[PDB]
Amino acid sequence: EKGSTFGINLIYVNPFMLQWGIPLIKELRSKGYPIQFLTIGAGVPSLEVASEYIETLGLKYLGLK
Amino acid sequence: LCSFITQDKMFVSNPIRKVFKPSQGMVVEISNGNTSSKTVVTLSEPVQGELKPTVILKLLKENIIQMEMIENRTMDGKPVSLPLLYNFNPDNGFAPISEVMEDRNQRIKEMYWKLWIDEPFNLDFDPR
Amino acid sequence: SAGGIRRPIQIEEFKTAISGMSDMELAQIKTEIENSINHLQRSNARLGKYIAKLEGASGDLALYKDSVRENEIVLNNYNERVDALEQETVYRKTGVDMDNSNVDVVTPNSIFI
């Protein structure tokens, strides 16, 4: 429906997925596709990695597992 | 305060916030502030020395936000209104405001016609 | 970096991701994994002492044994990941005739005419 939102789960232990996925979000977010949040699964990124995810991706909240 | 709005599906930044970003000179008047249905907020800026109204943000019919947007520097003195229209739906609480995209470009061309062309407004002619 | 994150990662997904990176990014990941290797080898040195101390003497011995067994599984991923770093590196240092056999000049035509 018009205005509806959804999130993405990327698996941290699969760095290839991160290598194409993370810049894909930024591209889709810059054009303003209705993405609300990102969940990083199967691990927790470090401070400096998380820092890039928060500031650059125009998300609203971050999923950590 | 709602950070972004909806353009048909996509999330472009809230332009009402962008316009009302405060600088030196601009003056905001609120009327009937304690009753939602008829409240009228009015921006005024310096225009050619004296102080003229530029933006009228108010309610039309129950679920249409009209951002009447005014250029005073015109051909013939008669100030020209750009009716920006925005759907207010209070169910989708995350992003209530969605822009009316139906006949959007044609409202924009209307204003720019009156600023540039002196002829009667008619868009139905072949570009060839 | 997402490569060499102190936990074991699948290799085929690393072997692709390593391809589309800069040479200074590969050196940063290579530095990070070797530090991770030295962290487990100094950890296995400490686990090695608590084995040799108790082996000199069976509860709280198998729990040391599967702890150093588990570290070898994670360490097996590290030097496998370092092996992929080596293979990506070495891919970037490649990118008179008097017989009338030729001209039959017994004939008037063969000269050039």
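Note on the protein assembly as shown: Cα-Cα pairs beyond 30 Å make up 63% of the total pair count. Other residues whose C-beta falls under 13 angstrom from the C-beta of residue A:56 contribute a net charge of -2, scoring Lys and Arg +1 and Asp and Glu -1.
Across chain A, the volume of the C-alpha convex hull divided among the residues equals 84 Å³ per residue. State log₁₀ I(q)/I(0) for the stretch B:4-128 at q = 0.14, 0.18, 0.20 Å⁻¹ as given by the Debye formula over alpha-carbon point scatterers of equal weight, solvent excluded. The computed values of log10 I(q)/I(0) come out as -0.76, -1.15, -1.30.
As a calculated quantity, the FRET efficiency between residue B:128 and residue B:63 at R0 = 35 Å, using C-beta atoms, amounts to about 0.25.
Rank these for me by crowding, B:54, A:56, going from fewest to most other beta carbons within 10 Å. Fewest to most other Cβ atoms nearby, the residues stand as A:56, B:54.
Subtracting the Cα-Cα distance from 0.36 nm times the residue separation, let me have the gained length for residue C:12 to residue C:55 in nm, one decimal.
11.5 nm
Electrostatic bookkeeping for residue B:93 treats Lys and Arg as +1 and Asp and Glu as -1; over the other residues with beta carbon under 15 Å from its beta carbon, the sum is 0.
Model label sites at residue A:4 and residue B:26, defined 7 Å from Cα along the beta-carbon direction, differ in position by 3.6 nm.
Counting only the Cα atoms, chain C fills a convex hull of 287 Å³ per residue. What does the charge add up to near residue C:89, with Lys and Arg as +1, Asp and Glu as -1, over the other residues with Cβ less than 12 Å from its Cβ? It works out to a net charge of -1. Working from Cα pairs under 8 Å separated by at least six residues, relative contact order for the stretch B:26-119 is 15 percent. Shown for chain B: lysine pairs separated by 8 or more places, or found on different chains, whose C-alpha atoms are under 17 Å apart, numbering 5.
Just so you know, all these numbers are worked out from the coordinates, no wet-lab data involved. Using ideal geometry, Cβ is built from the backbone for each residue, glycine included, and neighbour counts are taken over all protein chains shown.
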